[PDB]
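As provided, input-v4.pdb (PDB, C-alpha atoms) reads as follows.
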```pdb
ATOM      1  CA  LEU T   1      88.095 115.759  80.941
ATOM      2  CA  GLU T   2      85.799 118.768  81.414
ATOM      3  CA  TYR T   3      88.688 120.943  80.209
ATOM      4  CA  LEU T   4      89.265 118.763  77.132
ATOM      5  CA  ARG T   5      85.632 118.222  76.070
ATOM      6  CA  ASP T   6      85.045 121.961  75.954
ATOM      7  CA  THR T   7      84.665 124.802  73.455
ATOM      8  CA  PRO T   8      87.431 125.966  73.033
ATOM      9  CA  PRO T   9      89.514 122.861  73.910
ATOM     10  CA  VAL T  10      91.652 123.837  76.894
ATOM     11  CA  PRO T  11      95.342 122.900  76.583
ATOM     12  CA  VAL T  12      96.570 121.031  79.659
ATOM     13  CA  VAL T  13      99.984 119.947  80.977
ATOM     14  CA  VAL T  14     100.950 117.267  83.507
ATOM     15  CA  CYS T  15     103.979 117.363  85.815
ATOM     16  CA  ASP T  16     105.937 114.212  86.648
ATOM     17  CA  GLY T  17     107.786 112.819  89.639
ATOM     18  CA  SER T  18     105.418 114.117  92.316
ATOM     19  CA  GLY T  19     103.035 111.225  93.007
ATOM     20  CA  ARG T  20      99.516 109.776  92.694
ATOM     21  CA  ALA T  21      97.280 110.599  89.694
ATOM     22  CA  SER T  22      99.815 112.766  87.847
ATOM     23  CA  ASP T  23     102.192 109.804  87.635
ATOM     24  CA  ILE T  24      99.416 107.582  86.311
ATOM     25  CA  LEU T  25      99.094 110.119  83.558
ATOM     26  CA  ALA T  26     102.875 109.844  83.091
ATOM     27  CA  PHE T  27     102.555 106.089  82.576
ATOM     28  CA  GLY T  28      99.712 107.076  80.247
ATOM     29  CA  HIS T  29     102.244 109.310  78.490
ATOM     30  CA  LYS T  30     105.460 107.507  77.543
ATOM     31  CA  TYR T  31     103.879 104.084  76.896
ATOM     32  CA  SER T  32     100.784 104.948  74.870
ATOM     33  CA  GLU T  33     101.720 104.320  71.177
ATOM     34  CA  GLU T  34      98.860 105.790  69.112
ATOM     35  CA  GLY T  35      96.871 107.745  71.678
ATOM     36  CA  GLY T  36      94.726 105.493  73.856
ATOM     37  CA  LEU T  37      96.134 102.142  72.668
ATOM     38  CA  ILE T  38      97.259 100.699  76.018
ATOM     39  CA  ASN T  39      98.342  97.080  76.530
ATOM     40  CA  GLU T  40      97.580  94.556  79.273
ATOM     41  CA  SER T  41     100.745  94.508  81.406
ATOM     42  CA  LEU T  42     100.705  98.300  81.617
ATOM     43  CA  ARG T  43      96.978  98.505  82.439
ATOM     44  CA  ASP T  44      97.461  95.887  85.179
ATOM     45  CA  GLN T  45     100.518  97.614  86.672
ATOM     46  CA  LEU T  46      98.401 100.774  86.543
ATOM     47  CA  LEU T  47      95.565  98.947  88.346
ATOM     48  CA  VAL T  48      97.846  97.788  91.148
ATOM     49  CA  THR T  49      99.356 101.269  91.519
ATOM     50  CA  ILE T  50      95.826 102.656  91.925
ATOM     51  CA  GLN T  51      95.250  99.815  94.414
ATOM     52  CA  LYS T  52      98.441 100.808  96.289
TER      53      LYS T  52
ATOM     54  CA  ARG V   1     135.498 111.081  85.010
ATOM     55  CA  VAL V   2     132.453 113.005  86.307
ATOM     56  CA  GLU V   3     131.228 112.837  82.675
ATOM     57  CA  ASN V   4     131.720 109.070  82.864
ATOM     58  CA  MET V   5     129.886 108.979  86.242
ATOM     59  CA  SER V   6     126.870 110.738  84.772
ATOM     60  CA  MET V   7     126.433 108.427  81.790
ATOM     61  CA  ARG V   8     127.160 105.160  83.608
ATOM     62  CA  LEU V   9     124.871 105.915  86.540
ATOM     63  CA  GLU V  10     122.257 106.894  83.936
ATOM     64  CA  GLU V  11     122.560 103.340  82.606
ATOM     65  CA  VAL V  12     122.238 102.017  86.188
ATOM     66  CA  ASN V  13     119.100 104.137  86.718
ATOM     67  CA  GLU V  14     117.218 102.993  83.594
ATOM     68  CA  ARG V  15     118.305  99.370  84.184
ATOM     69  CA  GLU V  16     116.918  99.622  87.734
ATOM     70  CA  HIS V  17     113.656 100.897  86.200
ATOM     71  CA  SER V  18     113.429  97.658  84.218
ATOM     72  CA  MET V  19     114.278  95.728  87.405
ATOM     73  CA  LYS V  20     111.501  97.502  89.344
ATOM     74  CA  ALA V  21     108.880  96.602  86.771
ATOM     75  CA  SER V  22     110.130  92.990  86.695
ATOM     76  CA  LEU V  23     110.217  92.532  90.479
ATOM     77  CA  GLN V  24     106.799  94.120  91.045
ATOM     78  CA  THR V  25     105.384  91.788  88.375
ATOM     79  CA  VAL V  26     107.135  88.838  90.067
ATOM     80  CA  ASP V  27     105.629  89.845  93.425
ATOM     81  CA  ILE V  28     102.239  89.868  91.696
ATOM     82  CA  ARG V  29     103.113  86.419  90.292
ATOM     83  CA  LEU V  30     103.653  85.037  93.806
TER      84      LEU V  30
END
```
Could you render the structure from this file as structure tokens?
Amino acid sequence: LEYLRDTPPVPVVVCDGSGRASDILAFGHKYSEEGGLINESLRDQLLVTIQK
Amino acid sequence: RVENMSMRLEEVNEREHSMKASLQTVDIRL
């Protein structure tokens, strides 16, 4: 977030399949629709994967 | 038939992804 809210805006890339926070960007990648529009089942599965 | 292996086990893999989401939700539901 410090990279993104920055002048110039830093491009960033996330790798998948490893584990932990990168994968909860991956679930914030393929099921996202129009940017940050995230539904309730996916936010709750995300919450329990942070809790696990 | 290795071509056929690759595509059919691809179907098995994505189907199991749906099954994982369903069973984790069911475990949350119990």
**Q.** Explicit residues for the PyMOL selection byres ((chain T) within 12 of (chain V)) (as a ChimeraX atom specification)
**A.** /T:41-42,44-49,52
(Q) Can you spell out as a ChimeraX atom specification the set of residues that the PyMOL selection byres ((chain T and resi 22-29) around 12) selects in the structure I just provided? (A) /T:12-21,30-39,41-51
May I have the residues within 12 Å of residue 1 in chain T as a PDB file with C-alpha atoms, in the coordinates of the input, using only C-alpha atoms and disregarding those fewer than 3 positions away in the same chain?
```pdb
ATOM      1  CA  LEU T   4      89.265 118.763  77.132  1.00  0.00           C
ATOM      2  CA  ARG T   5      85.632 118.222  76.070  1.00  0.00           C
ATOM      3  CA  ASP T   6      85.045 121.961  75.954  1.00  0.00           C
ATOM      4  CA  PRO T   9      89.514 122.861  73.910  1.00  0.00           C
ATOM      5  CA  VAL T  10      91.652 123.837  76.894  1.00  0.00           C
ATOM      6  CA  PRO T  11      95.342 122.900  76.583  1.00  0.00           C
ATOM      7  CA  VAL T  12      96.570 121.031  79.659  1.00  0.00           C
TER       8      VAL T  12
END
```
Can I get range 12-31 of chain T with N, CA, C and O atoms filled in, as a PDB file, keeping the file's coordinate frame?
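And here's out.pdb as it stands now:
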```pdb
ATOM      1  N   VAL T  12      96.250 121.474  78.304  1.00  0.00           N
ATOM      2  CA  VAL T  12      96.570 121.031  79.659  1.00  0.00           C
ATOM      3  C   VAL T  12      97.932 120.340  79.651  1.00  0.00           C
ATOM      4  O   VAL T  12      98.360 119.761  78.644  1.00  0.00           O
ATOM      5  N   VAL T  13      98.632 120.452  80.780  1.00  0.00           N
ATOM      6  CA  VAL T  13      99.984 119.947  80.977  1.00  0.00           C
ATOM      7  C   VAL T  13     100.028 119.182  82.296  1.00  0.00           C
ATOM      8  O   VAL T  13      99.332 119.522  83.258  1.00  0.00           O
ATOM      9  N   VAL T  14     100.794 118.094  82.315  1.00  0.00           N
ATOM     10  CA  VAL T  14     100.950 117.267  83.507  1.00  0.00           C
ATOM     11  C   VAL T  14     102.419 117.254  83.927  1.00  0.00           C
ATOM     12  O   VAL T  14     103.320 117.158  83.085  1.00  0.00           O
ATOM     13  N   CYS T  15     102.652 117.428  85.225  1.00  0.00           N
ATOM     14  CA  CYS T  15     103.979 117.363  85.815  1.00  0.00           C
ATOM     15  C   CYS T  15     104.250 115.953  86.324  1.00  0.00           C
ATOM     16  O   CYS T  15     103.335 115.230  86.726  1.00  0.00           O
ATOM     17  N   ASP T  16     105.521 115.561  86.296  1.00  0.00           N
ATOM     18  CA  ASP T  16     105.937 114.212  86.648  1.00  0.00           C
ATOM     19  C   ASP T  16     106.801 114.212  87.902  1.00  0.00           C
ATOM     20  O   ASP T  16     107.352 115.238  88.309  1.00  0.00           O
ATOM     21  N   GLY T  17     106.907 113.033  88.512  1.00  0.00           N
ATOM     22  CA  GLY T  17     107.786 112.819  89.639  1.00  0.00           C
ATOM     23  C   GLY T  17     107.200 113.162  90.989  1.00  0.00           C
ATOM     24  O   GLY T  17     107.848 112.899  92.011  1.00  0.00           O
ATOM     25  N   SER T  18     105.998 113.738  91.033  1.00  0.00           N
ATOM     26  CA  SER T  18     105.418 114.117  92.316  1.00  0.00           C
ATOM     27  C   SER T  18     104.779 112.921  93.013  1.00  0.00           C
ATOM     28  O   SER T  18     105.198 112.537  94.111  1.00  0.00           O
ATOM     29  N   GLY T  19     103.766 112.320  92.401  1.00  0.00           N
ATOM     30  CA  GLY T  19     103.035 111.225  93.007  1.00  0.00           C
ATOM     31  C   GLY T  19     101.584 111.198  92.570  1.00  0.00           C
ATOM     32  O   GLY T  19     101.048 112.155  92.015  1.00  0.00           O
ATOM     33  N   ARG T  20     100.962 110.044  92.824  1.00  0.00           N
ATOM     34  CA  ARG T  20      99.516 109.776  92.694  1.00  0.00           C
ATOM     35  C   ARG T  20      99.089 109.975  91.241  1.00  0.00           C
ATOM     36  O   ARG T  20      99.820 109.521  90.342  1.00  0.00           O
ATOM     37  N   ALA T  21      97.973 110.673  90.979  1.00  0.00           N
ATOM     38  CA  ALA T  21      97.280 110.599  89.694  1.00  0.00           C
ATOM     39  C   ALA T  21      98.108 111.182  88.558  1.00  0.00           C
ATOM     40  O   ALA T  21      98.020 110.706  87.419  1.00  0.00           O
ATOM     41  N   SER T  22      98.942 112.184  88.861  1.00  0.00           N
ATOM     42  CA  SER T  22      99.815 112.766  87.847  1.00  0.00           C
ATOM     43  C   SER T  22     100.777 111.724  87.286  1.00  0.00           C
ATOM     44  O   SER T  22     100.955 111.639  86.063  1.00  0.00           O
ATOM     45  N   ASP T  23     101.318 110.853  88.147  1.00  0.00           N
ATOM     46  CA  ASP T  23     102.192 109.804  87.635  1.00  0.00           C
ATOM     47  C   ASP T  23     101.418 108.749  86.858  1.00  0.00           C
ATOM     48  O   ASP T  23     101.969 108.148  85.929  1.00  0.00           O
ATOM     49  N   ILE T  24     100.130 108.537  87.160  1.00  0.00           N
ATOM     50  CA  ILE T  24      99.416 107.582  86.311  1.00  0.00           C
ATOM     51  C   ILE T  24      98.840 108.269  85.088  1.00  0.00           C
ATOM     52  O   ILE T  24      98.131 107.628  84.303  1.00  0.00           O
ATOM     53  N   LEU T  25      99.127 109.560  84.898  1.00  0.00           N
ATOM     54  CA  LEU T  25      99.094 110.119  83.558  1.00  0.00           C
ATOM     55  C   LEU T  25     100.445 109.991  82.874  1.00  0.00           C
ATOM     56  O   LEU T  25     100.497 109.873  81.645  1.00  0.00           O
ATOM     57  N   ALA T  26     101.534 109.976  83.655  1.00  0.00           N
ATOM     58  CA  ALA T  26     102.875 109.844  83.091  1.00  0.00           C
ATOM     59  C   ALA T  26     103.083 108.466  82.478  1.00  0.00           C
ATOM     60  O   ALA T  26     103.652 108.342  81.387  1.00  0.00           O
ATOM     61  N   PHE T  27     102.608 107.421  83.160  1.00  0.00           N
ATOM     62  CA  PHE T  27     102.555 106.089  82.576  1.00  0.00           C
ATOM     63  C   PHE T  27     101.541 106.005  81.444  1.00  0.00           C
ATOM     64  O   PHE T  27     101.625 105.092  80.616  1.00  0.00           O
ATOM     65  N   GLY T  28     100.590 106.939  81.389  1.00  0.00           N
ATOM     66  CA  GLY T  28      99.712 107.076  80.247  1.00  0.00           C
ATOM     67  C   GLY T  28     100.263 108.081  79.258  1.00  0.00           C
ATOM     68  O   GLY T  28      99.523 108.623  78.431  1.00  0.00           O
ATOM     69  N   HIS T  29     101.565 108.353  79.352  1.00  0.00           N
ATOM     70  CA  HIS T  29     102.244 109.310  78.490  1.00  0.00           C
ATOM     71  C   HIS T  29     103.348 108.682  77.656  1.00  0.00           C
ATOM     72  O   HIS T  29     103.339 108.810  76.426  1.00  0.00           O
ATOM     73  N   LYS T  30     104.303 107.994  78.288  1.00  0.00           N
ATOM     74  CA  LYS T  30     105.460 107.507  77.543  1.00  0.00           C
ATOM     75  C   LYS T  30     105.171 106.166  76.876  1.00  0.00           C
ATOM     76  O   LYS T  30     105.719 105.871  75.808  1.00  0.00           O
ATOM     77  N   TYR T  31     104.313 105.349  77.482  1.00  0.00           N
ATOM     78  CA  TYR T  31     103.879 104.084  76.896  1.00  0.00           C
ATOM     79  C   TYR T  31     102.407 104.256  76.540  1.00  0.00           C
ATOM     80  O   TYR T  31     101.515 103.937  77.326  1.00  0.00           O
TER      81      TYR T  31
END
```
